[PDB]
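Colleague: Take this structure, written in structure tokens, and hold onto it; I'll ask about it next.
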Amino acid sequence: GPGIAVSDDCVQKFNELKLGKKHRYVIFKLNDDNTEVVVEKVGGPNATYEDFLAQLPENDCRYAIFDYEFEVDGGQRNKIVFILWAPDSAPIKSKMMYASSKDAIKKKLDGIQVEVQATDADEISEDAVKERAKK
Ligand code: NI
Ligand code: NI
């Protein structure tokens, strides 16, 4: 089938994060008709990882970009982390729709450095993402 559309807002907000460090994170979702990827929520420049986690639905999928900052250790390194949040409680149709569209949204974001697929509270936890991003 045709590739899903990706709103220009997705790229616009991603570049604000990647370039301006204006937003700590961006959460994207498939619109109601599953015809376009759109921005749902953005975090402030200083939002925390726990702030981000509190935005994730327990029973639906999301895409997200998190500008992950590691602990200071000879300077402060960061990693642009792309996350597919696919909780097991999500309906199978949702899980399959977000799987099908993942490439499309990734292809539109210039500068992803790390990719995480998380399905439960442990795989989305900061410790798990940190280790995957350190890596
Ligand atoms: Ni196709
Ligand atoms: Ni903004």
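Here's how to read the names in the structure tokens: chain A, B, ... by the order shown, residue numbers from 1 in each chain, ligand numbers from 1 in the order shown.
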Set the distance at 12 Å and use only C-alpha atoms: which residues neighbour residue 99 (chain A) once local chain neighbours fewer than 2 positions away are removed? I'd like the list as a ChimeraX atom specification.

Modeller: /A:4,30,61-63,83-86,92-97,101-106,117

Colleague: Hey, could you make a per-residue contact list for chain A against ligand 2 with 10 Å as the cut-off, showing the nearest pair of atoms and its distance in Å to one decimal, counting only C-alpha atoms and all ligand atoms, sorted by chain and number, as a Markdown table?

Modeller:
| residue | atom | partner | partner_atom_place_in_ligand_line | distance |
| --- | --- | --- | --- | --- |
| A:9 | CA | ligand 2 | 1 (Ni) | 9.9 |
| A:12 | CA | ligand 2 | 1 (Ni) | 8.3 |
| A:13 | CA | ligand 2 | 1 (Ni) | 6.0 |
| A:14 | CA | ligand 2 | 1 (Ni) | 9.1 |
| A:15 | CA | ligand 2 | 1 (Ni) | 9.3 |
| A:16 | CA | ligand 2 | 1 (Ni) | 6.2 |
| A:17 | CA | ligand 2 | 1 (Ni) | 8.1 |
| A:20 | CA | ligand 2 | 1 (Ni) | 9.2 |
| A:21 | CA | ligand 2 | 1 (Ni) | 9.6 |
| A:22 | CA | ligand 2 | 1 (Ni) | 6.3 |
| A:23 | CA | ligand 2 | 1 (Ni) | 6.5 |
| A:26 | CA | ligand 2 | 1 (Ni) | 9.6 |
| A:42 | CA | ligand 2 | 1 (Ni) | 7.6 |
| A:43 | CA | ligand 2 | 1 (Ni) | 8.8 |
| A:44 | CA | ligand 2 | 1 (Ni) | 8.3 |
| A:45 | CA | ligand 2 | 1 (Ni) | 9.1 |

Colleague: Any residue with an atom at most 10 Å from ligand 1 counts, using only C-alpha atoms and all ligand atoms. Which are they? Put them as an MDAnalysis selection string.

Modeller: chainID A and resid 1:4 100

Colleague: To one decimal place in Å, what is the distance between CA of residue 41 (chain A) and CA of residue 122 (chain A)?

Modeller: 22.3 Å

Colleague: Name all residues at most 12 Å from region 74-77 of chain A (count only C-alpha atoms; drop same-chain ones fewer than 3 positions away) and give them as an MDAnalysis selection string.

Modeller: chainID A and resid 67:71 80 130 133:134

Colleague: Please dump the current selection as an mmCIF file, in the first residue's frame; keep N, CA and C atoms.

Modeller:
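Output saved as result34.cif:
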data_model
loop_
_atom_site.group_PDB
_atom_site.id
_atom_site.type_symbol
_atom_site.label_atom_id
_atom_site.label_comp_id
_atom_site.auth_asym_id
_atom_site.auth_seq_id
_atom_site.Cartn_x
_atom_site.Cartn_y
_atom_site.Cartn_z
ATOM 1 N N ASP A 67 15.837 13.441 23.472
ATOM 2 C CA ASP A 67 17.210 13.955 23.417
ATOM 3 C C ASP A 67 17.861 13.548 24.734
ATOM 4 N N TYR A 68 18.462 12.355 24.757
ATOM 5 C CA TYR A 68 18.943 11.769 25.997
ATOM 6 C C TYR A 68 20.334 12.300 26.331
ATOM 7 N N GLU A 69 20.469 12.899 27.502
ATOM 8 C CA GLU A 69 21.731 13.435 27.984
ATOM 9 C C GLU A 69 22.313 12.466 29.006
ATOM 10 N N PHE A 70 23.550 12.039 28.765
ATOM 11 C CA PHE A 70 24.215 11.157 29.713
ATOM 12 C C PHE A 70 24.802 11.963 30.865
ATOM 13 N N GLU A 71 25.132 11.260 31.947
ATOM 14 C CA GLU A 71 25.737 11.931 33.090
ATOM 15 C C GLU A 71 27.077 12.543 32.681
ATOM 16 N N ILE A 80 20.339 11.209 20.228
ATOM 17 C CA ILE A 80 18.979 11.352 19.714
ATOM 18 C C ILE A 80 18.381 9.954 19.621
ATOM 19 N N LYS A 130 19.062 4.130 28.672
ATOM 20 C CA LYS A 130 20.430 4.604 28.873
ATOM 21 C C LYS A 130 21.437 3.589 28.353
ATOM 22 N N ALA A 133 21.494 3.369 24.684
ATOM 23 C CA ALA A 133 22.054 4.571 24.080
ATOM 24 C C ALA A 133 23.556 4.704 24.333
ATOM 25 N N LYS A 134 24.015 4.373 25.546
ATOM 26 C CA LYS A 134 25.448 4.246 25.801
ATOM 27 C C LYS A 134 26.113 3.376 24.749
#

Colleague: Let's see if you can do this: from backbone DSSP, list all alpha helix (DSSP H) residues in region 22-109 of chain A, as a PDB file with C-alpha atoms, in the first residue's frame.

Modeller:
ATOM      1  CA  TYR A  49      12.589  11.434  31.450  1.00  0.00           C
ATOM      2  CA  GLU A  50       9.868  10.784  34.054  1.00  0.00           C
ATOM      3  CA  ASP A  51       7.848  13.663  32.560  1.00  0.00           C
ATOM      4  CA  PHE A  52       8.125  11.920  29.173  1.00  0.00           C
ATOM      5  CA  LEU A  53       7.075   8.539  30.596  1.00  0.00           C
ATOM      6  CA  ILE A  92      -3.255  -5.773  17.664  1.00  0.00           C
ATOM      7  CA  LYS A  93      -4.503  -3.422  14.947  1.00  0.00           C
ATOM      8  CA  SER A  94      -2.688  -0.522  16.628  1.00  0.00           C
ATOM      9  CA  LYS A  95       0.492  -2.560  17.086  1.00  0.00           C
ATOM     10  CA  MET A  96       0.485  -3.582  13.420  1.00  0.00           C
ATOM     11  CA  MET A  97      -0.284  -0.042  12.209  1.00  0.00           C
ATOM     12  CA  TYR A  98       2.618   1.475  14.148  1.00  0.00           C
ATOM     13  CA  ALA A  99       4.927  -1.321  12.996  1.00  0.00           C
ATOM     14  CA  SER A 100       3.968  -0.719   9.355  1.00  0.00           C
ATOM     15  CA  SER A 101       4.564   3.048   9.592  1.00  0.00           C
ATOM     16  CA  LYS A 102       7.775   3.060  11.628  1.00  0.00           C
ATOM     17  CA  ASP A 103      10.089   3.258   8.612  1.00  0.00           C
ATOM     18  CA  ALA A 104       8.159   6.163   7.092  1.00  0.00           C
ATOM     19  CA  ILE A 105       8.563   8.341  10.186  1.00  0.00           C
ATOM     20  CA  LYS A 106      12.178   7.329  10.756  1.00  0.00           C
ATOM     21  CA  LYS A 107      13.024   8.138   7.126  1.00  0.00           C
TER      22      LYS A 107
END

Colleague: Which residue gives the smallest distance to residue 36 (chain A) among A:56, A:129, A:10, A:112, with only C-alpha atoms counted?

Modeller: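 Closest to residue 36 (chain A) of all the choices is A:10.
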
Colleague: Please compute the CA of residue 119 (chain A)-CA of residue 57 (chain A) distance, one decimal, in Å.

Modeller: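 Interatomic distance here is 11.6 Å.
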